[PDB]
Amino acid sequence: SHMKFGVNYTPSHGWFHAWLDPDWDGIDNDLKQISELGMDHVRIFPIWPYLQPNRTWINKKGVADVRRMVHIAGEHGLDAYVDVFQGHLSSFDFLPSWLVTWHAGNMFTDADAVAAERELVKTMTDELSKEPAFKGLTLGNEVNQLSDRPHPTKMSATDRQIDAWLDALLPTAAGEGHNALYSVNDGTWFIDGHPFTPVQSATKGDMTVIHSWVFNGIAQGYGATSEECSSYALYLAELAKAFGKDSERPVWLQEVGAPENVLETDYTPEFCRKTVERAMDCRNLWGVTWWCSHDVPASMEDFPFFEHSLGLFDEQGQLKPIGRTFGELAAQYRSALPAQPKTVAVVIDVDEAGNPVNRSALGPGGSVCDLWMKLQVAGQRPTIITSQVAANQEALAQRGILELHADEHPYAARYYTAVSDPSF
């Protein structure tokens, strides 16, 4: 109610290859057991080249199948959030043939590609809005990952071109009864020069969307069981909301998982409990969506190995100890009062547009992450503001902030790694 709990839905039979040969009875079983765990929403992932296999030709059956999965979620009392441009899923890119090889193009800056993306967003929104359970459209999953290094076939863009891309697409996703959003990996906050920016994340679309993954150096550098690692989803929420103009703008922890390349298997339920409990201490947090509902079938290869076991349900569809934990967290917290305000803040220097001067210091083991972590471990409950708020006595009073901590001696993120596997 006050806090949303849900899952990123990975079809148990077929994964996202289910869209080619869906087992609708198994999809209904998946969604029923998600609902029985006490989840109130799912996030769903169609595949872009199946929806739009030619720039000007949309596969109506593929759109209808997304609508059916939304409908099935709503039969079991789940709200459904739908991402469009996949695009990127668990190390794989699914790109339309009209954007690759002989047709290599830039999905962010080519006018024809942006027009086609807008047509697909409009088509999806118009059809999915016929289901009361459809509650939001996310332009796509971690859409920034194609825009910069280390992507091997990047579609480069400036941050002004990404402003224009977001502004070209998000209005088409709007409509009565649902949200419009996009999502990014954490290079948005941690990579200097990256064209998806913290100011965009905290101003474009309806909520500030983050995906929290401690295999990015948090677990390795601070220690898997450390308080810092447990507090990282909170850190990312506090960090991402700091760059918005609206101090009350909600934050959606749209992915958080327990990756067993850096966590012990028997620790993932405790990791889940501590991570969610700390994330809830961010008063702007709107919801927590765990990655993911169901394990990735073992017979499917070339995933980074730990991805297979990120489910709350195992491959036999049996609820795992972490799933039991996450259901209990939802029962305990879905109606809780919001967190108390925070009078202690870490200050991040920003440029005129509001973006950090030094993003490299925000990542795992960077000076700003270390400073925030130090205060958080010391029980000081720090929030985060920019230098533009710190310089303005009225902005500080509006926020009830009393004590500021600046980064006196900045340094780059000593632990950060931008990929999910040493493979990459």
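Residues carry their position along the shown sequence, with the first being 1.
Out of 324 to 332 and 95 to 103, which stretch has the higher average CA B-factor listed in the record? Taking the mean C-alpha B-factor of 324 to 332 and of 95 to 103, the larger value falls to 324 to 332.
Out of 156 to 164 and 77 to 85, which stretch has the higher average CA B-factor listed in the record? Mean B over CA atoms: larger for 156 to 164.
Which of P195, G317, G257, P132 ranks first by CA B-factor in the deposited coordinates: Max CA B-factor in the entry, restricted to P195, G317, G257, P132: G317.
Sort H294, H151, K204, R278 by C-alpha B-factor from the entry and give me just the highest. The listed residue with the largest C-alpha B-factor is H151.
With respect to C-alpha B-factor, does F305 fall in the lowest, middle or highest third of the chain as deposited? Highest third - that is where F305 ends up once the chain's C-alpha B-factors are sorted.
Please rank the C-alpha B-factors of the chain's modelled residues and tell me whether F108 sits in the lowest, middle or highest third. Within its chain, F108 is a lowest-third residue by C-alpha B-factor, going by the deposited values.
Grab the CA temperature factor for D370 from the record and place it in the lowest, middle or highest third of its chain. For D370, the deposited C-alpha B-factor lands in the middle third.
Using the B-factor values recorded in the entry, state whether the Cα atom of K32 falls in the lowest, middle or highest third among the modelled residues of its chain. For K32, the deposited C-alpha B-factor lands in the middle third.
Going by the recorded CA B-factors, say which third of the chain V214 sits in, lowest, middle or highest. Bottom third by C-alpha B-factor.
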